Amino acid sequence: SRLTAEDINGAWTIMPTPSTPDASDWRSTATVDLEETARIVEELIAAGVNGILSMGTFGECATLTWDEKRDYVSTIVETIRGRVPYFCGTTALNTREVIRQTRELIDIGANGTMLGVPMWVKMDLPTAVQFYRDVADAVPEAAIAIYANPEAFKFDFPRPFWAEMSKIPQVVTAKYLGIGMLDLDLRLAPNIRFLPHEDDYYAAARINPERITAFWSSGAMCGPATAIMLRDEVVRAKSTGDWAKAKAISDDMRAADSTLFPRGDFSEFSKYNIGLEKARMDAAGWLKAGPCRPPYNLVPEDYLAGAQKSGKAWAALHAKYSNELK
């Protein structure tokens, strides 16, 4: 059966698309490390993750070939064997390409697509709404996770957009960003499970504990124990009213993220989103994300140190929380 918002809870981890050593070279044709892909999936399931996202920005949806995408998703689906829900990503330059990709990946066995908007031309509100309506009409069995990334996709996913999305049954969740208007968006869109970024989960769950039961994590790719402990401790906090431990975990997470952005600058992070994320994962040692596919295969060396330091900090959190999970 198609996933609903009710079925979206806990720690939703966004995995990279592991690269072979030659993946930066435009001459290379099959650059997905399929075995590393399988290994990551089993490790996430074993850690107790609730669901898997993939194929956003750092997941290199932009720079994988179609055959690579099909092979990656096939490997994921075969590994999961129905044990947890899985979202592919099918953001593309036009509605027809999105539909083509979405139908094929769902057919292979993804449960849904994490889906941004076509971005060559900046979409307006009615265009963006009709785009998601078109995809849901065309592929009614796909769940949709709204990939609300204004830097990548130009459109800024405003309040009235969320009100419209809540009328589309297929739209069950959102990879959400800053929580300044989460309170209102929750009211406007009762049928969506809004996923804050892991660092914001603490605050969001305190805003609305009934609705905010899940979050998205990239930090888990440096070791998932931290995300699992946050999940578990927030459940306990909601029951006991004692938020101190959840707050301590959340504060540790923000510190670990503190060096990721070049000079603390998000616009600079946005330019190097792929390389910085993959470098941090490589430095953490929990998985091998590998080289970036062209064109986004060059990152200023000085920016790499901050990403690597963040990776080490998250690895240290994973060690610490692994022990607290016993």
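Numbers follow the displayed sequence, beginning with 1.
Here 49-57 and 267-275 are compared by their mean Cα B-factor, and 267-275 comes out higher. Relative to its counterpart among 1-9 and 316-324, 1-9 has the higher mean temperature factor, C-alpha atoms as listed in the PDB entry.
The top Cα temperature factor in the record, among 85, 178, 241, 89, falls on 241.
Taking only the listed residues 27, 39, 69, 280, the entry reports the highest CA temperature factor at 27. In this PDB entry, residue 286 carries a Cα temperature factor that places it within the middle third of its chain's modelled residues. Ranked by Cα temperature factor within the chain, residue 226 sits in the lowest third according to the deposited record.
Annotation for residue 248: C-alpha temperature factor in the middle third relative to the rest of the modelled chain, per the entry. Residue-level temperature factors show residue 17 in the lowest third of its chain, judged at the C-alpha atom. Among the modelled residues of the chain, residue 63 sits in the lowest third by CA temperature factor in this PDB entry.
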